[PDB]
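> First the structure, then my questions, so here it is.
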Amino acid sequence: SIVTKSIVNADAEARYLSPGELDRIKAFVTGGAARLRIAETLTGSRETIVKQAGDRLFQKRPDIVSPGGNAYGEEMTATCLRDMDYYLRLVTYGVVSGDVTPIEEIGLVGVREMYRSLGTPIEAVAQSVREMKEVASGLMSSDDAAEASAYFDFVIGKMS
Amino acid sequence: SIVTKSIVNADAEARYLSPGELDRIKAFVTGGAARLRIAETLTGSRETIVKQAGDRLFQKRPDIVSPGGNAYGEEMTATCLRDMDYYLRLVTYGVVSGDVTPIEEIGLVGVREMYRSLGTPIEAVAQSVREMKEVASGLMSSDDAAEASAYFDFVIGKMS
Amino acid sequence: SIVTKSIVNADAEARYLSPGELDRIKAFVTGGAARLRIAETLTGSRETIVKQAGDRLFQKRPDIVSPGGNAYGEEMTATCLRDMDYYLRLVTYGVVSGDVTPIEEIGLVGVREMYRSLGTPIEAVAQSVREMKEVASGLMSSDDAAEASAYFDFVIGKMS
Amino acid sequence: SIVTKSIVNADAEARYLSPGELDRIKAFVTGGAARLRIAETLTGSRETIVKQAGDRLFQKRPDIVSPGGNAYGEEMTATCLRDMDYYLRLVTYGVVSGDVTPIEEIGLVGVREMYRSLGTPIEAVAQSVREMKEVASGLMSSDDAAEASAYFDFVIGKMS
Amino acid sequence: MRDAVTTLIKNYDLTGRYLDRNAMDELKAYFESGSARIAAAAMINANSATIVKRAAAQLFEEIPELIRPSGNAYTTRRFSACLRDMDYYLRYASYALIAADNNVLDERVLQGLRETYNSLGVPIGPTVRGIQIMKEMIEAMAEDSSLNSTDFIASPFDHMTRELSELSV
Amino acid sequence: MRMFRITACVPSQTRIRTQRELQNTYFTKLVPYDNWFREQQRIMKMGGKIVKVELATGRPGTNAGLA
Amino acid sequence: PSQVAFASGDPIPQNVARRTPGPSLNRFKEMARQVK
Amino acid sequence: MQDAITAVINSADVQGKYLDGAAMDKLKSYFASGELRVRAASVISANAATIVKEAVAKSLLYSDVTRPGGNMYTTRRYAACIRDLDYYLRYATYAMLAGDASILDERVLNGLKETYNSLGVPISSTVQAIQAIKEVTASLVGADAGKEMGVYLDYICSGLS
Amino acid sequence: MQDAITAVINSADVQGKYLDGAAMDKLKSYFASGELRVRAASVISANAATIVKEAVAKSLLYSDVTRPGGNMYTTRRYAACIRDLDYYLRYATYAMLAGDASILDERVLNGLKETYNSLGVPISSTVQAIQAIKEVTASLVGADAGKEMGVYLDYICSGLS
Amino acid sequence: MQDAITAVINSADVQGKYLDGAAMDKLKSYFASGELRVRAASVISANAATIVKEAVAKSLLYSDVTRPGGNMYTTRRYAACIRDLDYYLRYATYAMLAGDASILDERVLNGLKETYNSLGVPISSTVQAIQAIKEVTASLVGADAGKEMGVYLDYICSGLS
Amino acid sequence: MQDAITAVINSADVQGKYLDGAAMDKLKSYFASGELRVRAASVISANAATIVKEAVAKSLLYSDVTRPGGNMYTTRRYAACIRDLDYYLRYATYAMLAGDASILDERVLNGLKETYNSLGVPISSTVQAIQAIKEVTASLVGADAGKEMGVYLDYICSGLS
Amino acid sequence: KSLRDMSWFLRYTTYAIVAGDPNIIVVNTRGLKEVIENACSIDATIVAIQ
Ligand SMILES: *[C@@H](C)[C@H]1/C(=C/c2[nH]c(/C=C3N=C(/C=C4\NC(=O)C(CC)=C4C)C(C)=C\3CCC(=O)O)c(CCC(=O)O)c2C)NC(=O)[C@@H]1C
Ligand SMILES: *[C@@H](C)[C@H]1/C(=C/c2[nH]c(/C=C3N=C(/C=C4\NC(=O)C(CC)=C4C)C(C)=C\3CCC(=O)O)c(CCC(=O)O)c2C)NC(=O)[C@@H]1C
Ligand SMILES: *[C@H](C)[C@H]1/C(=C/c2[nH]c(/C=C3N=C(/C=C4\NC(=O)C(CC)=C4C)C(C)=C\3CCC(=O)O)c(CCC(=O)O)c2C)NC(=O)[C@@H]1C
Ligand SMILES: *[C@H](C)[C@H]1/C(=C/c2[nH]c(/C=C3N=C(/C=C4\NC(=O)C(CC)=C4C)C(C)=C\3CCC(=O)O)c(CCC(=O)O)c2C)NC(=O)[C@@H]1C
Ligand SMILES: *[C@H](C)[C@H]1/C(=C/c2[nH]c(/C=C3N=C(/C=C4\NC(=O)C(CC)=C4C)C(C)=C\3CCC(=O)O)c(CCC(=O)O)c2C)NC(=O)[C@@H]1C
Ligand SMILES: *[C@H](C)[C@H]1/C(=C/c2[nH]c(/C=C3N=C(/C=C4\NC(=O)C(CC)=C4C)C(C)=C\3CCC(=O)O)c(CCC(=O)O)c2C)NC(=O)[C@@H]1C
Ligand SMILES: *[C@H](C)[C@H]1/C(=C/c2[nH]c(/C=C3N=C(/C=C4\NC(=O)C(CC)=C4C)C(C)=C\3CCC(=O)O)c(CCC(=O)O)c2C)NC(=O)[C@@H]1C
Ligand SMILES: *[C@H](C)[C@H]1/C(=C/c2[nH]c(/C=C3N=C(/C=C4\NC(=O)C(CC)=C4C)C(C)=C\3CCC(=O)O)c(CCC(=O)O)c2C)NC(=O)[C@@H]1C
Ligand SMILES: *[C@H](C)[C@H]1/C(=C/c2[nH]c(/C=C3N=C(/C=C4\NC(=O)C(CC)=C4C)C(C)=C\3CCC(=O)O)c(CCC(=O)O)c2C)NC(=O)[C@@H]1C
């Protein structure tokens with residue numbers, strides 16, 4: 001979290017917390033209500049975001065779900081939607097934490113090696129997260145959509 | 001405490017707490033204010049209970065303060081009175097906890113081979129805690145002196 | 001006795017007597033004349049040893065002879081001297097047996113809780129046996145006083 | 001040795017050394033010079049006892065070197081004399097140590113299973129060791145041989 | 001290193017759960033307590049040298065054998081090392097007050113503290129007595145100042161005493 | 001050492017044991033002197049009735065040499 | 001020459017005193033003084 | 001094990017002094033919570049087996065864990081899983097009554113990960129089973145006492161983490 | 001176990017007195033006899049197996065006792081009788097070293113006559129075996145040492161008979 | 001374990017040869033040093049408890065170890081520390097009698113560092129306790145025996161450190 | 001590390017008093033022995049190859065250790081053993097001139113037992129090598145300086161054993 | 001405190017004289033001014049050691 005980063009940056013140079021870190025933590029605390037609202041509407045609409053974004057992904061990229069594809073079959077399609085729900089949950093965790101380090105520590109270290117072992121196209125996973133970004137950004141106000149799309153675009157950058 | 005002792009017995013019998021010990025924990029948390037009243041009574045009388053008990057101990061057993069004794073000298077009598085305050089603090093902890101486990105885990109297990117290294121007479125320390133009991137019952141009310149005398153008598157029974 | 005200990009060790013191991021313990025029985029059965037010389041010296045001079053040792057104990061640790069002590073009064077000091085006579089008799093039994101098993105089977109097992117019950121300081125009993133040992137070693141011959149003092153200070157070590 | 005045996009016994013009873021065992025260590029320490037003389041004579045003449053006792057064994061038990069026997073053959077008689085030299089060296093070790101536990105640990109535990117696997121008559125090896133003690137008793141002085149034959153005696157008792 | 005938000009996220013990640021209303025309530029309580037935590041940390045930012053100096057000036061009078069010979073705070077080298085240790089404890093207590101979670105204390109203070117203190121002969125009882133002296137001073141200063149919420153101040157020091165202290169009963 | 005020749009019967013109270021239990025129900029035994037107190041207390045808190053006990057070895061009033 | 005033997009010679013015993021009650025027991029020392 | 005009372009007594013005892021006012025406040029807070037703790041412990045002790053039944057039906061039954069090839073397949077392993085869930089419920093009740101997780105640190109989490117790894121026990125499935133216990137207990141007892149139980153149940157889960 | 005020395009100590013302790021000259025004379029007699037006791041014990045330990053084997057070979061072998069229909073027919077009964085004779089030799093050596101037969105009364109003569117009467121062990125045959133052991137040891141260790149060994153040997157023979 | 005004599009015997013047995021001249025010289029050295037070791041063991045067995053008493057009074061009483069919060073505050077901790085000192089003194093006496101520190105490896109120092117590290121025991125404080133044991137023992141036992149006891153107790157300290 | 005001077009000043013600082021009566025005696029004995037100890041260090045440092053040469057030639061050469069199957073078979077192992085004996089001689093010189101074995105405790109005996117048990121180096125053969133070192137130094141430097149080196153060399157031997 | 005500080009200054013001066021290295025004095029007097037100046041007169045300490 002932002003609190004974790006500020007405490008770590010103070011402790012690395014072995015001092016108490018600077019006024020800049022206090023101002024940053026104060027901004028984190030004041031934006032906590034809006035961040036909690038964004039996380040609340042994401043976890044409330046968690047099923048329809050995954051459903052609509054998976055539908056848009058499978059319409060835009062039929063090759064991953066056609067026979068010979070990585071996600072062909074109902075079980076592999078359900079596993080792909082489970083992965084999309086996993087990344088939406090990590091997006092909600094990042095929205096709560098105010099930064100990107102829970103998404104990084106849980107689902108973005110070794111993601112390329114994992115999906116290379118799985119045989120899954122990582123650019124198609126990034127397309128799935130981009131469709132989740134578009135569907136979720138259509139479900140909020142403009143500032144909330146930009147704030148959530150920041151974490152979404154971090155996941156896009158880590159996947160591609 | 002009484003909760004820890006009841007949980008230890010229930011775990012030894014591999015069972016839940018019976019409604020009997022549940023009723024005793026009920027009675028214990030109702031009488032918590034009372035047993036804390038004896039706790040602040042002995043806390044306020046800390047420098048007086050052991051004062052009169054040490055005076056009565058020294059007039060009852062003058063061999064303790066005689067030359068050649070275990071507690072001969074100002075330094076050794078100060079260490080003796082520190083042991084008096086230690087045991088009064090342990091009795092305070094016991095009447096706080098409602099069980100003799102905080103008494104016995106600190107000042108009663110291994111006390112015989114603890115004091116045989118120092119040459120201290122066990123029966124003389126027992127008579128000292130006796131005089132603590134009578135001085136506490138002298139300047140403390142009757143039925144709560146019976147409750148405090150239960151833990152004092154456990155100290156006497158485990159020591160002597 | 002030493003022969004008794006060798007017999008019970010050979011019987012516990014279910015074998016005949018070992019060469020080392022057979023040589024020990026032979027050397028003890030040769031040195032028994034010197035052992036009985038120590039014995040007749042101690043029995044002839046038994047009263048002055050315990051009188052001087054009791055006087056030296058009384059001047060060293062006056063809390064015994066003090067009021068409130070363990071031996072207050074002439075009859076209780078006579079009882080303490082009778083106990084010292086018993087210990088000297090057990091030392092003579094040890095030096096005629098060649099082993100400490102008579103002192104174990106008469107006056108060593110249970111002696112700690114014996115003097116705990118009596119209130120007698122067993123460290124002061126050990127001091128009394130130290131005084132008995134040093135007065136006896138000053139009285140009789142040094143080459144035999146070493147052999148006597150081995151059993152004496154084993155008794156001292158078991159007292160302490 | 002006897003020191004190790006006494007220390008093991010004192011550790012088993014969780015006590016210090018009894019003065020009887022202190023006397024046995026003292027007497028072993030004083031009398032070790034005779035044991036060193038015995039071991040020096042045995043290691044000086046160590047081929048002679050094996051030579052004469054092997055000759056006497058091949059006289060008294062010619063079934064050993066008869067065809068079909070355990071030690072029939074040049075190399076087998078060489079291994080026979082090798083075992084005799086081993087037991088002579090073990091007897092020297094036991095004489096030096098003053099206690100027979102090195103002999104028991106090196107060459108008397110599992111000797112029955114070893115020679116049963118080898119097909120070797122254990123009573124004939126006992127006869128060879130007895131003839132070794134006869135030759136050593138002829139070679140040494142009377143008291144020294146009477147003291148040194150007891151380790152041979154323990155070997156005879158364990159093997160036969 | 002984990003704060004309250006990070007440990008709640010880890011607890012929900014372990015079960016694979018989305019954040020429910022109880023998690024929203026915990027985060028909401030942390031966010032409204034955060035202003036008071038910031039105020040308390042900014043308070044102890046100013047006074048920290050005075051806190052550790054008066055903590056030494058109370059601890060070495062409660063246990064005066066620390067500054068007598070054969071005590072571990074005898075020489076002024078050991079005295080300055082002890083004051084540096086108290087400054088370390090107050091700094092990480094400030095960190096735990098900001099983070100609202102004692103995982104920072106566990107990870108960076110307590111995991112080798114008994115090992116170091118037993119290696120160098122440093123006492124643990126006087127150390128945790130100094131911890132509680134610092135806790136009482138910060139609680140008294142927060143009660144004196146305009147601090148509406150003072151309940152969370154005692155938590156990192158009590159956690160440090162419980163973790164570092166030898167188990168009596 | 002002096003030994004006690006004891007004879008006692010211990011019943012089962014908790015379970016109906018389907019194996020043969022007469023040999024550890026009723027038995028005559030040889031227990032040592034130092035272990036006789038704890039053996040008697042063990043079987044006697046277990047709940048048996050001891051019918052007989054004697055000194056198999058040793059003599060009463062032995063000041064030394066009983067081991 | 002024979003004054004090489006510092007460690008190998010006879011050791012010089014130190015005079016090490018028993019530890020006494022300290023200034024943390026000043027209250028109990030005053031208490032024992034008023035006990036007398 | 002340590003409750004709140006023994007924790008306060010320990011913290012005062014290693015300082016060597018008596019209980020001051022903050023200790024009195026902590027004890028009065030524990031005595032205030034003790035009514036709810038005793039009531040919740042009584043309800044759980046009464047309906048002990050029903051919570052385990054509902055949690056097993058919610059999380060473990062009709063799955064690959066209880067199907068052949070799973071670790072809850074054989075009935076000795078099923079009864080072992082039932083006994084483990086009774087262990088977690090009973091020691092969580094103990095930790096609720098104590099107001100502290102030292103009992104879970106000493107007897108429950110002591111090598112439990114090594115035990116389950118040596119046996120082959122599914123860590124994820126038993127974490128979901130403890131979660132089902134938490135949901136059933138919070139439904140049975142209430143919001144506040146269910147949350148109090150869920151603190152120590154999540155402590156057992158994070159020990160399994 | 002009661003020996004001469006412990007008998008002297010106990011005979012002093014029953015009246016509580018010290019050692020007089022009357023108890024001193026028998027102790028000096030024991031100290032005089034102890035060297036012969038150690039020498040006889042060394043010879044008996046030197047030939048412990050061969051005495052038993054030779055006495056068995058010329059006392060009861062190829063007879064009706066070891067014949068079928070006898071008590072010593074079966075190899076188990078034979079090994080039991082060899083163990084019994086070795087035990088008698090070793091414990092009589094113990095009594096010879098100790099100077100008293102209390103070790104025999106306390107370790108061997110404790111419920112053995114009734115055991116042999118129950119098992120049908122021939123008392124006369126054991127008497128003949130004990131006499132054969134006694135005369136072989138008397139031939140081997142010497143005249144006076146063999147007679148002093150035979151004192152404990154026919155004492156335990158009369159005790160078992 | 002092993003003494004000096006059994007160390008020489010085991011070295012000669014591993015070499016496969018008889019006792020040569022240097023082995024006889026080492027044995028003669030141990031037989032020369034034996035009497036002082038025996039009388040030192042008698043002195044230490046006499047003053048076993050008192051050496052521990054004045055050593056702990058010399059080093060550890062009225063200090064942070066026996067003050068509240070220290071590792072010798074409670075009576076069971078004091079009894080365990082006195083038990084440890086008795087173990088160290090008895091095994092140092094055993095090593096002094098044997099002339100070898102092998103028993104300290106076999107019985108004492110094989111796992112005691114990990115034991116104290118798991119227990120939280122201050123090994124610096126135990127080292128100062130054993131130095132006090134060295135000083136009090138060398139005060140009572142003499143000079144060369146004091147050197148031998150100091151060597152073996154410093155071996156115990158080196159195993160702890 | 002520490003030396004005799006630091007040990008004296010630390011003991012007096014723990015007492016809180018000055019160097020009253022025996023600290024002065026220890027310091028003046030140290031400074032009296034110091035110039036001859038420096039001369040012995042000069043001789044040992046000048047001749048240091050010869051001591052390890054005569055030690056390996058006296059004790060370890062032409063043995064099972066140097067023949068195949070031994071721990072000194074290969075040339076790397078032989079050179080490592082030469083370097084270890086050089087380490088023992090040099091740190092014995094260090095401890096002999098410091099007057100305290102704390103340098104041996106903190107830089108030699110802290111890990112010597114564990115490295116030799118992990119490597120498989122024969123403890124008895126290393127002890128015999130150090131004994132050959134101490135008699136060669138006693139022959140080459142003198143009896144008194146030989147004993148002053150040999151007390152620390154025997155301290156290293158006791159640390160081995 | 002002042003009296004034991006004066007005796008302790010003389011004690012460590014003698015200890016440094018014995019040790020032959022003033023490192024003990026350097027370590028135990030380098031940072032002493034700031035801690036000692038709060039409740040004790042630094043000029044009085046200078047004149048005292050003078
Ligand atoms: C002819 C080759 C030269 C000669 C030889 C010489 N060597 C030694 C002594 C030893 N040499 C070794 C060497 C090795 N052992 C191994 O296992 C290996 C690797 C395979 C090597 C290189 C050893 C161990 C010894 C010591 C003997 C022992 O086994 O303990 C000597 C003896 C010197 C002495 O002082 O004893 C000699 C004479 N010398 C020459 O001048 C020729 C050039
Ligand atoms: C003769 C002395 C015996 C012998 C020795 C031997 N030693 C080694 C190797 C090592 N010795 C050490 C020890 C130390 N390193 C240090 O820095 C110090 C203190 C200054 C010590 C005491 C170590 C660490 C090693 C390993 C690496 C190294 O060479 O330093 C070996 C080699 C082991 C191998 O198999 O390579 C040997 C053989 N062996 C004997 O048999 C003689 C009794
Ligand atoms: C006074 C009633 C009697 C008496 C006492 C006496 N005690 C000591 C020394 C010690 N007593 C203890 C015991 C405890 N420490 C604890 O922390 C607790 C439980 C809370 C107990 C029970 C200890 C550790 C000591 C050692 C001192 C220290 O704290 O370091 C002495 C001194 C003996 C000495 O040799 O200094 C005395 C005199 N003696 C009597 O005769 C009275 C009957
Ligand atoms: C004033 C004229 C005198 C004075 C008094 C004084 N001393 C202290 C306390 C301390 N004194 C020291 C000093 C030393 N540390 C060392 O290592 C050495 C030897 C080189 C010395 C002399 C230290 C560390 C303290 C602090 C420990 C403690 O609290 O006792 C005080 C108290 C300071 C305060 O209350 O803030 C006072 C007033 N010191 C002098 O030097 C003058 C002789
Ligand atoms: C039933 C026919 C009659 C009867 C029964 C009765 N039995 C007991 C208890 C015991 N019975 C035995 C018997 C045996 N144990 C064995 O191992 C064997 C051989 C295989 C037998 C025959 C024993 C030992 C007991 C003691 C307890 C135990 O279970 O070990 C009781 C008494 C139960 C009690 O003690 O309370 C009774 C009453 N009594 C009748 O009236 C029926 C006619
Ligand atoms: C039919 C004779 C009776 C009956 C059966 C019944 N059973 C269940 C549920 C389960 N039973 C098992 C048992 C086993 N699993 C195994 O692997 C084995 C041995 C090979 C056994 C015996 C299990 C695991 C279940 C749970 C089902 C699952 O796979 O999750 C039920 C269902 C109860 C429910 O509440 O769902 C029923 C009805 N009921 C009767 O009345 C008959 C007596
Ligand atoms: C022949 C294969 C080997 C052999 C024989 C041998 N046997 C004896 C004498 C006896 N053997 C026994 C043993 C038994 N008791 C039994 O009940 C049975 C059958 C179940 C056996 C085998 C007994 C008792 C004797 C003694 C005879 C008696 O009745 O008293 C000897 C004589 C020993 C002696 O010292 O005279 C011999 C030589 N010896 C060999 O070398 C063949 C390998
Ligand atoms: C041998 C001289 C004659 C004889 C002996 C014989 N003995 C046994 C078996 C046993 N004897 C005992 C008794 C003892 N227990 C002891 O501790 C001691 C020494 C102190 C003795 C003497 C025991 C316990 C047995 C084993 C009982 C069992 O059978 O399990 C037997 C065997 C009897 C049997 O039925 O197997 C025999 C034959 N009888 C002779 O004919 C030999 C001349
Ligand atoms: C005394 C010098 C200091 C010290 C001691 C201390 N030790 C313990 C507890 C234990 N010590 C041991 C060690 C041993 N294991 C062995 O096999 C042997 C003999 C070879 C020893 C010496 C063990 C096993 C324990 C655990 C016993 C237990 O479980 O109670 C304690 C107790 C700590 C506690 O109970 O929590 C203490 C206090 N610590 C000090 O501070 C003294 C300076």
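Residues are named by chain letter and number: chains run A, B, ... in the order of the structure tokens, numbers start at 1 in each chain, and ligands are numbered from 1 in the order shown.
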Return as a VMD selection string the residues belonging to chain J that are within 6 Å of chain G, counting only C-alpha atoms.
chain J and resid 57 to 58 62
> Could you give the C-alpha RMSD in Å for chain I superposed on chain J, pairing all atoms in order?
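Least-squares fit of chain I onto chain J, C-alpha RMSD 0.7 Å.
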> Give me, as a PyMOL selection string, the set of residues whose atoms come within 10 Å of any atom of ligand 8, counting only C-alpha atoms and all ligand atoms.
chain I and resi 56+59-61+64-66+70-91+104-113+115-116+118-130+160
> Wanna dump the chain I-chain C contacts at 7 Å for me, each residue with its shortest atom pair and the distance in Å to one decimal, counting only C-alpha atoms, ordered by chain and number, as a Markdown table?

```
| residue | atom | partner | partner_atom | distance |
| --- | --- | --- | --- | --- |
| I:1 | CA | C:4 | CA | 6.7 |
| I:5 | CA | C:97 | CA | 6.2 |
| I:6 | CA | C:1 | CA | 6.6 |
| I:9 | CA | C:93 | CA | 6.4 |
| I:18 | CA | C:89 | CA | 6.5 |
| I:31 | CA | C:29 | CA | 5.1 |
| I:34 | CA | C:29 | CA | 6.0 |
| I:35 | CA | C:26 | CA | 6.0 |
| I:38 | CA | C:22 | CA | 6.6 |
| I:45 | CA | C:16 | CA | 6.5 |
| I:90 | CA | C:16 | CA | 6.7 |
| I:94 | CA | C:7 | CA | 6.5 |
| I:98 | CA | C:3 | CA | 6.5 |
```
> Residues of the last selection are to be written out with C-alpha atoms, as a compact mmCIF listing (two decimals), in the first residue's frame.

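again05.txt, written as the output of this step:
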```txt
# COMPACT_ATOMS: atom_id res chain seq x y z
CA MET I 1 22.13 -59.23 50.92
CA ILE I 5 30.53 -57.34 57.37
CA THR I 6 26.88 -56.28 57.06
CA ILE I 9 27.07 -53.77 61.23
CA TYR I 18 29.51 -49.30 68.19
CA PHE I 31 39.62 -60.58 56.54
CA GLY I 34 38.99 -63.39 52.15
CA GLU I 35 42.19 -64.12 50.20
CA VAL I 38 39.07 -64.72 46.15
CA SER I 45 35.27 -68.68 37.39
CA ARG I 90 27.38 -69.16 40.43
CA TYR I 94 28.53 -65.66 45.47
CA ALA I 98 30.20 -63.07 50.70
```
> Please, what distance in Å, to one decimal, runs between atom CA of residue C:139 and atom CA of residue C:42?
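Here the two named atoms are 9.6 Å from each other.
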> Would you mind reading off the distance between atom CA of residue A:132 and atom CA of residue A:152, one decimal, in Å?
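Taking atom CA of residue A:132 and atom CA of residue A:152, their separation equals 8.1 Å.
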> Do you have the atom CA of residue H:17-atom CA of residue B:46 distance handy?
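We find that atom CA of residue H:17 and atom CA of residue B:46 lie 10.6 Å from each other.
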> Find the residues of chain H that sit at most 10 Å from chain J; for each, write down the nearest two atoms and how far apart they are in Å, to one decimal. Count only C-alpha atoms. Sort by chain, then by number going up, and give it as a Markdown table.

```
| residue | atom | partner | partner_atom | distance |
| --- | --- | --- | --- | --- |
| H:10 | CA | J:69 | CA | 9.7 |
| H:11 | CA | J:69 | CA | 9.2 |
| H:12 | CA | J:68 | CA | 9.6 |
| H:13 | CA | J:68 | CA | 7.0 |
| H:14 | CA | J:69 | CA | 4.2 |
| H:15 | CA | J:68 | CA | 5.8 |
| H:16 | CA | J:68 | CA | 5.2 |
| H:17 | CA | J:68 | CA | 9.0 |
```
> Could you take the residues named above and write them with N, CA, C and O atoms, as a PDB file, in the first residue's frame?

```pdb
ATOM      1  N   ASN H  10       1.035 -11.325  32.903  1.00  0.00           N
ATOM      2  CA  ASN H  10       2.378 -11.543  32.373  1.00  0.00           C
ATOM      3  C   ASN H  10       3.101 -10.226  32.122  1.00  0.00           C
ATOM      4  O   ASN H  10       4.278 -10.075  32.476  1.00  0.00           O
ATOM      5  N   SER H  11       2.402  -9.258  31.518  1.00  0.00           N
ATOM      6  CA  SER H  11       3.020  -7.975  31.196  1.00  0.00           C
ATOM      7  C   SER H  11       3.355  -7.185  32.454  1.00  0.00           C
ATOM      8  O   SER H  11       4.348  -6.449  32.488  1.00  0.00           O
ATOM      9  N   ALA H  12       2.538  -7.319  33.499  1.00  0.00           N
ATOM     10  CA  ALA H  12       2.874  -6.676  34.765  1.00  0.00           C
ATOM     11  C   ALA H  12       3.959  -7.440  35.517  1.00  0.00           C
ATOM     12  O   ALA H  12       4.778  -6.835  36.217  1.00  0.00           O
ATOM     13  N   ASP H  13       3.984  -8.766  35.376  1.00  0.00           N
ATOM     14  CA  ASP H  13       4.897  -9.593  36.153  1.00  0.00           C
ATOM     15  C   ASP H  13       6.323  -9.476  35.640  1.00  0.00           C
ATOM     16  O   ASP H  13       7.273  -9.480  36.430  1.00  0.00           O
ATOM     17  N   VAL H  14       6.498  -9.368  34.322  1.00  0.00           N
ATOM     18  CA  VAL H  14       7.835  -9.178  33.782  1.00  0.00           C
ATOM     19  C   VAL H  14       8.353  -7.767  34.011  1.00  0.00           C
ATOM     20  O   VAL H  14       9.548  -7.516  33.837  1.00  0.00           O
ATOM     21  N   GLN H  15       7.479  -6.837  34.391  1.00  0.00           N
ATOM     22  CA  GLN H  15       7.897  -5.554  34.927  1.00  0.00           C
ATOM     23  C   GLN H  15       8.117  -5.592  36.430  1.00  0.00           C
ATOM     24  O   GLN H  15       8.816  -4.723  36.962  1.00  0.00           O
ATOM     25  N   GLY H  16       7.538  -6.572  37.119  1.00  0.00           N
ATOM     26  CA  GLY H  16       7.725  -6.726  38.543  1.00  0.00           C
ATOM     27  C   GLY H  16       6.832  -5.869  39.407  1.00  0.00           C
ATOM     28  O   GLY H  16       7.009  -5.862  40.632  1.00  0.00           O
ATOM     29  N   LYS H  17       5.888  -5.145  38.821  1.00  0.00           N
ATOM     30  CA  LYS H  17       5.001  -4.278  39.577  1.00  0.00           C
ATOM     31  C   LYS H  17       3.569  -4.794  39.550  1.00  0.00           C
ATOM     32  O   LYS H  17       3.235  -5.769  38.875  1.00  0.00           O
TER      33      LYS H  17
END
```
> When you look at residue E:66 with a cut-off of 10 Å (counting only C-alpha atoms), what residues show up, excluding the ones that are within fewer than 3 positions of it in the same chain? I need them as a ChimeraX atom specification.
/E:59-63,69-75,79,123,126 /G:23-24 /J:63-64
> Please extract the residues at most 6 Å from ligand 4, counting only C-alpha atoms and all ligand atoms, and provide them as a list in words, using the chain letters and residue numbers of this document.
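The neighbouring residues of ligand 4 are, in order, residues 67, 75 and 76 of chain E; 1, 2, 5, 6, 8, 9, 25, 28, 29, 36, 38, 39, 40, 41, 44 and 45 of chain L.
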> Using only C-alpha atoms, which protein or nucleic acid residues come within 8 Å of residue J:37? Drop anything in the same chain fewer than 5 positions from it, and give the result as a ChimeraX atom specification.
/J:96-97,145
> Output N, CA and C atoms of each residue in that selection to a file, as a compact mmCIF listing (two decimals), in the first residue's frame.

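New file selection26.txt:
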```
# COMPACT_ATOMS: atom_id res chain seq x y z
N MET J 96 37.34 -34.33 34.36
CA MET J 96 38.58 -34.21 35.11
C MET J 96 39.09 -35.58 35.56
N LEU J 97 38.18 -36.45 35.99
CA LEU J 97 38.57 -37.81 36.37
C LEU J 97 39.04 -38.61 35.17
N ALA J 145 44.82 -28.99 39.84
CA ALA J 145 43.43 -29.39 39.70
C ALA J 145 42.55 -28.23 39.27
```
